[PDB]
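See structure below.
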Amino acid sequence: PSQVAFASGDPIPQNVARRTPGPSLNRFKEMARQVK
Amino acid sequence: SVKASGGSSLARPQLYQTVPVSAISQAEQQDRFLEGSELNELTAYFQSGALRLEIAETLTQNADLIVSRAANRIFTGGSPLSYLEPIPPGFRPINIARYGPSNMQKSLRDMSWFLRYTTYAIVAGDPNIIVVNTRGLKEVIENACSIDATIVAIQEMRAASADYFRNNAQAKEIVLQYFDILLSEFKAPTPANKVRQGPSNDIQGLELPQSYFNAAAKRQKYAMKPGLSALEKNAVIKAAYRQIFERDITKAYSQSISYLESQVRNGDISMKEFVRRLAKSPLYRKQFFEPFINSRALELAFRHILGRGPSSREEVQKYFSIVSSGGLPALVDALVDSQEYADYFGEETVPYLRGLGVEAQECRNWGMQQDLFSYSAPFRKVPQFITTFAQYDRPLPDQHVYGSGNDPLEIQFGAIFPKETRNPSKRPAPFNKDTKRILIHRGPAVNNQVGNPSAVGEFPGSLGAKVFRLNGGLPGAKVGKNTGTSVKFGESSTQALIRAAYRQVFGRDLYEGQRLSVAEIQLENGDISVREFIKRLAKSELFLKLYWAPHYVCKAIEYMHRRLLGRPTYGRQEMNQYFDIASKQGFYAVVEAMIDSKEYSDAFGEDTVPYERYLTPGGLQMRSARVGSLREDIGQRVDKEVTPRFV
Amino acid sequence: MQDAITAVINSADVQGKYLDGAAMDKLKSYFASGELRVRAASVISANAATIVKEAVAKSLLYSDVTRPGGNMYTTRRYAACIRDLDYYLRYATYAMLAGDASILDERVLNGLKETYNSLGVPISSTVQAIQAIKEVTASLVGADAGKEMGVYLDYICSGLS
Amino acid sequence: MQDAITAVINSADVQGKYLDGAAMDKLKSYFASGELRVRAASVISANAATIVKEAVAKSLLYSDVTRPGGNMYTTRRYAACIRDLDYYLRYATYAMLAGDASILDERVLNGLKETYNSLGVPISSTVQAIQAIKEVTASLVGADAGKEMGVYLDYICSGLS
Amino acid sequence: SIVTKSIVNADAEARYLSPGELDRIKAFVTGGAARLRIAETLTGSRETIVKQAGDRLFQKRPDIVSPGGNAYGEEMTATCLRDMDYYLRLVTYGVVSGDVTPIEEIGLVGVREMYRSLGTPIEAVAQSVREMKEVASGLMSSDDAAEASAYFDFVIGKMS
Amino acid sequence: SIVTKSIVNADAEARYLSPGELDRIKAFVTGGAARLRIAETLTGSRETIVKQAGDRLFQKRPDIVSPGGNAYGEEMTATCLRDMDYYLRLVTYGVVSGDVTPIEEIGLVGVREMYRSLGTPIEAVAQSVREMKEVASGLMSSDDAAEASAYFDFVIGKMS
Amino acid sequence: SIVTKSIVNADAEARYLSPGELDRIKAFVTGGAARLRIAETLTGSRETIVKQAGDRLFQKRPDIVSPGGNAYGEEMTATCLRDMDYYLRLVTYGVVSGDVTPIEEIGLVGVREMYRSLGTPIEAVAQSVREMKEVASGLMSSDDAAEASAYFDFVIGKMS
Amino acid sequence: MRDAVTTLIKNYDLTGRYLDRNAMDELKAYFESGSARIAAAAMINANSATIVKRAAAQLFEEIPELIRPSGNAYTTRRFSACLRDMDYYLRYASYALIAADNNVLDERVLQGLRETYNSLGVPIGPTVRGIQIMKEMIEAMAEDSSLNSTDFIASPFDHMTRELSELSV
Ligand SMILES: *[C@H](C)[C@H]1/C(=C/c2[nH]c(/C=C3N=C(/C=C4\NC(=O)C(CC)=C4C)C(C)=C\3CCC(=O)O)c(CCC(=O)O)c2C)NC(=O)[C@@H]1C
Ligand SMILES: *[C@H](C)[C@H]1/C(=C/c2[nH]c(/C=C3N=C(/C=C4\NC(=O)C(CC)=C4C)C(C)=C\3CCC(=O)O)c(CCC(=O)O)c2C)NC(=O)[C@@H]1C
Ligand SMILES: *[C@H](C)[C@H]1/C(=C/c2[nH]c(/C=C3N=C(/C=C4\NC(=O)C(CC)=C4C)C(C)=C\3CCC(=O)O)c(CCC(=O)O)c2C)NC(=O)[C@@H]1C
Ligand SMILES: *[C@H](C)[C@H]1/C(=C/c2[nH]c(/C=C3N=C(/C=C4\NC(=O)C(CC)=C4C)C(C)=C\3CCC(=O)O)c(CCC(=O)O)c2C)NC(=O)[C@@H]1C
Ligand SMILES: *[C@H](C)[C@H]1/C(=C/c2[nH]c(/C=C3N=C(/C=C4\NC(=O)C(CC)=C4C)C(C)=C\3CCC(=O)O)c(CCC(=O)O)c2C)NC(=O)[C@@H]1C
Ligand SMILES: *[C@H](C)[C@H]1/C(=C/c2[nH]c(/C=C3N=C(/C=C4\NC(=O)C(CC)=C4C)C(C)=C\3CCC(=O)O)c(CCC(=O)O)c2C)NC(=O)[C@@H]1C
Ligand SMILES: *[C@H](C)[C@H]1/C(=C/c2[nH]c(/C=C3N=C(/C=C4\NC(=O)C(CC)=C4C)C(C)=C\3CCC(=O)O)c(CCC(=O)O)c2C)NC(=O)[C@@H]1C
Ligand SMILES: *[C@H](C)[C@H]1/C(=C/c2[nH]c(/C=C3N=C(/C=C4\NC(=O)C(CC)=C4C)C(C)=C\3CCC(=O)O)c(CCC(=O)O)c2C)NC(=O)[C@@H]1C
């Protein structure tokens, strides 16, 4: 009977990843590769 | 920038339909509990959902293998998987190097995203996510990608997912049909866009792609056909009551006109004629005409009959002229016997609320229609349409930068603010940073600091508020009146100053156990100045409790500025300043900042008690546009009453 | 503002009745989960800047909102958005401590929607931002505390919507 | 406020790119007209009270507005109308120097209608008085710069509609 | 309550609650069971306390129930016992809340202006609460009544 | 612009533009071709100046690119060079407008609060503009370099 | 101290101490021996806390010890250990007082202006107290650690 | 809806003035430029679909995150809606070109655009960028075509940029 517990029981943690620089900064990613 | 704002209420478009979403919303629109049908929709889905988890889990894990076997078959001349992010009609294998890296990156990710949306489709249990995202895709992909290569790619994935899974015929067929839908929707060319034609010259024409109206939950459309069994006929009539009265009133209060119900059940009068007679009935008149202004009742009549808000300024102007001429019947007649009504609903179909998902929407009456489609619309008694439409053409109104609600009533005491919830009368206006509000000076018009900044510390001479100053010598300042002198005359003057200083910080005179006795006697001894005394009364825990704590942060800042400086804030620049202090430092520092401001020091010295210096135009209108106090020469032509020449 | 204790008192005061058996049970329910609320508040107090940091990092960073033309491009706007998120987290904590969302009505959601519409702030973007708080909060605060915090943050979302 | 320069800066900033060839052309066009803009401003600066005087004498003086029963009858009201026309000439010069009517929307026409309706300021008579300024300014400055001034003076008039 | 007062003080300085204020709430929460016992005992004999303390009041200050007195008459004595029941109810709210804010907001703020307009001596109402304390302390145990009397003492102190 | 700040100052005093103020706009419009040349020079090396200033910053302050730093990894270093390019563009807008208000309103007002949330050393970004100034002066003349430096120094001064 | 904080709050409203305020001092004075036990443990093993938490900071954020950082060299590392020793001393003063005012008056008010003039990242100093909390909690009993960490978390909260 | 003629009428009607020398000259300037305005409108009517698609393709290469996940141009549904919006802006600029007035651009486009885009979560930055890309696409094509006047083409798109975009400074 205790299978009904979805929102009443323990909530399942969801993995939300950190937002990363995208292909708009491909110019700067190229610059960061040459800055070494 | 735009001078008016209708509001930006949260829009929630349905991106794709699921089985639970399809089941729940079906009875939600009908205003029923989930019956034996809609429960069985879920029951069969929840049982199959366990299997549907096993479909995806295998396909999510082996996702790399499926796309690898696909790309190798389609693309020739090297390895397509170098940079990873059955029936051939007549396809030619595309070269890797010839296609280019940028086009190859698109091609690879789409092949993965096609499979990704297939996995979401099984988990959702409805191929709606496919139908939407695949229907109008053939045309846009044709330009720089071969169609013949895509069909065999999906067909490869169809076989790839079939062989890898292969559990049961009750299990694999779900994978097969959803892939079969996927290829058929991709083979299908882009359908024609839904064209919302303007009903008249006043309203603009719109267009919506055949994809947006494929997911956004279709509004249940009921049509009275004469042959229908009386159960679904009852469902049509209940829906007609749910449209006109916003709710099923026949279930709620047993308020129903059976006289009209009988004629439509037979087919004597059409649904067009039913809506006509029901909206001119005393049942509607009492509820949606009687409690409302002529403008707002018009706005409600729009959503009940046409199923939309008034679209243009000219439309409100036209339909208000109708409701002024013949009233409610004439308004109803104009709404039903329109070119729009007979185009949408015709004669048989019950009117339905056409919102964000149903049709293409115009960027004019967005937030005005959003609040109208809500069930909290017949409580907003302030018109939202005619107000915004008129404010659109006009410049920025006399208003606080953070809305009309942020403005307190210009009264002696009590911070009274218009509530957002209680009687919706929110009037947003796009105010920018460097926007100074025009304020009317209490004293001389020449003594305004906007035009005369030198005359900021000039006292209003029987034009504005009375100025309280510690000009006279405080009692027991010098040791001239030694020991005695019981009748020291300069004692009542400083006590009247204290009371006025209390009256400025707190609009009203305080009680016995509220007066700060420590601060009073320090001023009376001459230990602290008036500037420090005003600061201490505003730094009091009572001022925190009475004006700061129960009110909205920026409402509390605005009222404090109207009490300590006797002036509303000019705009954003000042409001943002004190709001920044309120966030970091707190309430006490906001008090400190308003007292230690240069403008405070210029207007009021160390001995000067603050006073009302500037009013809002709306505030002065409340004071001097009543029956009394209003002069004869304000907004009236004055004729010189002279005795006639025969007299 | 009123808390869970004050809500019981004010309900008894308006009727003019002494605290009855049902009222005593309502208070005991709050006193059952009170140590949990205090411990929950101390976690948020420590990670005040940290929760806001990750919330922006998971939703708002490297988006069209923070990009030029957006409503969170300029540093003055970015700081103003951070300021708002600092307000939302603090007042949610107060409401969590109180056990009542009456403070959120009085202080926050009295004229927030009218302010945001006048400013031209995307409410859709803020709802996503406060939803981003909800996950980061529950990661540090716990499950039962995360459920409590999850309600009041959704109430801020509900008021804005 | 926004001038013709900051309007180009604003447009380039929200795009998130440096000032292109088209952006440079818009600046050079303003700098070419800038010589006429400063010249006109200096003459209006020196002849400030005289333009108002001629405008009041043209429209307002020896009328029902200045006579008893009118709104420009009282001395505190007369000096207010002088100051009002002192605002209009000053801010029109400001907008003329700027090259944009942004300042007029932010300071001048910012709830001006509701101000004038509350006090009982004649809307028709004030518009004619600004037109009286427009005619005097054009005759005093020139046919090119006075017409250029007349655009912003008509903007105040159309804002009072 | 004490939760409300702490939050308002915290919002005044625009900061999260100090661990001193956090320790204030948690100890009140754990020591709340004793506070509910006080409220139950005061409610249990609410018609016993008011009746006894009223009798103590009209014996100590009989000029109140003499011609010229504010509570002179069968109707006026009844209103006085009604007033005494209000303050006893206010005490029960105060003990439960762990703060004197609910007593202040309802039945202490503007009490001096109220009893002045009615023509009631404020020192006599302070005496009625003082006698109300004595009867209540007799019913409750030593340590339990001692922390309960503090809420009575505020009502005395604010009025007298 | 130098116009906007002149208007604001004149509006605050409620007066027409000063003969001194009008002469500064006169000197601005005549030297409008000169300041647009500096902007084109800065735009010309939009990927060269910030590149050189980047290399010079990461050798002077290697803690930035070291583990535990704010700009650790190729993704975060890209964001640092993005900030470099933003501020260089902000100076480019500044030299064109001849004012610090088109600079401050974008990326100086509330910048300490801005970088605090990201956990960025503000004094390191102050050195970022310092290195930008030196390279920009290198790829420029002498007389126009001092005019460019003045707006660069404001970006340094308000940040540090 | 919690006594002083109570007095100044009562003096601001010009009133005697609240029944709750007097009870809190009573609860503090009874648990004063427990607060002394927290101090005696932290003062006894003071050098072991700051050394471990210091090293735990240096492994987490090595950019501090790396060149370009604030605490570069053995002398500057010893200064960072001293800074943490000073802050651990503030916590011990905080727990005996029962309030965060002693911590505020010495080493919290105007700390952001201080470490700016030193060029020290304040978020790294915030993380050092976080590590100091972790080692101290593992040193002494959990019932005393929960009380100790409450004052530690305030130092973290005000720092960050 | 108001054109350059109606705006000038409304301006003179407000003051109650007959059409003077300045009024007649402004009308004559419209009527002489009108031939170029229709010819410019004939150009964009010919290349309505081609410009919209190419300007989008340039936009999603400038800002790639739009067509990437969490972007508001990711799905086909969103891609069709964005190209529809790009079609709208070109269509209302088409009206604004002949009208020589930005009232049609204000009334039916810009008035409730900010409120809508903030509701669904549609970006306002990439939008005005996409409008400005279209502007550069028209101007270059108008330079290629035999057109005497091309300066009026920039006017509606710049007004679309000015009104919709956030006030940076
Ligand atoms: C005449 C005394 C003054 C005056 C009036 C005026 N009114 C309008 C237009 C409208 N009138 C209303 C008001 C009402 N709606 C209601 O529900 C009620 C109560 C039953 C009333 C009286 C509204 C909403 C409108 C708008 C409809 C429309 O566009 O006509 C105008 C026209 C203004 C315009 O063209 O925008 C006028 C002039 N104003 C004056 O000048 C007189 C002193
Ligand atoms: C008594 C006849 C009835 C009554 C009164 C009542 N008033 C308040 C509080 C306020 N009274 C006002 C009104 C005014 N503001 C003004 O400027 C003037 C004219 C000089 C008046 C009369 C205001 C602003 C308030 C708000 C708080 C304040 O005092 O500043 C209350 C308390 C309401 C509350 O809940 O706070 C009451 C009860 N109500 C009755 O029951 C009587 C019939
Ligand atoms: C951050 C999640 C997002 C965001 C926020 C944002 N808001 C504003 C503007 C203001 N916010 C408020 C609102 C409040 N008033 C109150 O009383 C409280 C506390 C309960 C709040 C939260 C106010 C008053 C302002 C105006 C301040 C000012 O004048 O600057 C902005 C600033 C926008 C601008 O400068 O025009 C921002 C950035 N918007 C986003 O883009 C984020 C997704
Ligand atoms: C005579 C003593 C001096 C003088 C008079 C003079 N006045 C004007 C112009 C005006 N005077 C007023 C002033 C008032 N009218 C009012 O309503 C009141 C308050 C009751 C006063 C004091 C006004 C408003 C006018 C304008 C006239 C009109 O109605 O249109 C003039 C004419 C100025 C001109 O050349 O236009 C004159 C000559 N001048 C002197 O030299 C005497 C010392
Ligand atoms: C003269 C053209 C006409 C006229 C004017 C008139 N105005 C007032 C009063 C005020 N004028 C303003 C308006 C402004 N203040 C600002 O900040 C701006 C924007 C730059 C303007 C234009 C204000 C605020 C007032 C109120 C007083 C004050 O200065 O604060 C009056 C007096 C009204 C009264 O009864 O007090 C008058 C007469 N009216 C006419 O008759 C002319 C056609
Ligand atoms: C390089 C000099 C230093 C550095 C940079 C760095 N910055 C961020 C994050 C952001 N940078 C900004 C700042 C701006 N945006 C603007 O609008 C302006 C004014 C024109 C500027 C300068 C913002 C808002 C961000 C957020 C990212 C985004 O907008 O998408 C980071 C990333 C850190 C993180 O992930 O939290 C970095 C690394 N860091 C250093 O250590 C250098 C000294
Ligand atoms: C050709 C062999 C392959 C191919 C190439 C290709 N793709 C794009 C870009 C897009 N892909 C899509 C499609 C989708 N949208 C959805 O909702 C889904 C899930 C059902 C998919 C797969 C869209 C809309 C685009 C455009 C957005 C973008 O730029 O990414 C291109 C670029 C188009 C152009 O020339 O402008 C190309 C060349 N895609 C295929 O279908 C083949 C596997
Ligand atoms: C493409 C340039 C960008 C983009 C577009 C986009 N918009 C929506 C949503 C809507 N678009 C509008 C706006 C208008 N309709 C009008 O009448 C006018 C004036 C002519 C405009 C500009 C409306 C009303 C909607 C909502 C309903 C509808 O589609 O008709 C979407 C859909 C968002 C969703 O996912 O639900 C999109 C994708 N988005 C981008 O990212 C581009 C920068």
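Residue numbering restarts at 1 for every chain, and letters A, B, ... go by the order of the sequence lines.
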Pairs touching residues 7-22 of chain F that satisfy salt bridge (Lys or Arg N to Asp or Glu O under 4.0 Å), sequence neighbours left out
D:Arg90-F:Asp11, D:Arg107-F:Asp11, F:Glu13-F:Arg15, F:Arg15-F:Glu21

Is F:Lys51 atom NZ crowded by more than 12 heavy atoms from other residues, nucleotides or ligands, each under 6.0 Å away?
yes

Those residues of residues 36-64 of chain H that come under 4.5 Å of chain F on a heavy-atom basis, listed by number, are none

Does OH in F:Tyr72 sit with more than 12 non-hydrogen atoms of other residues, nucleotides or ligands closer than 6.0 Å?
no

Among residues 151-169 of chain H, residues within the sub-4.5 Å heavy-atom range of chain F, in order of number, are H:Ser168, H:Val169

Per-residue contacts, residues 103-142 of chain F versus chain H, heavy atoms under 4.5 Å:
F:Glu105, F:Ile106

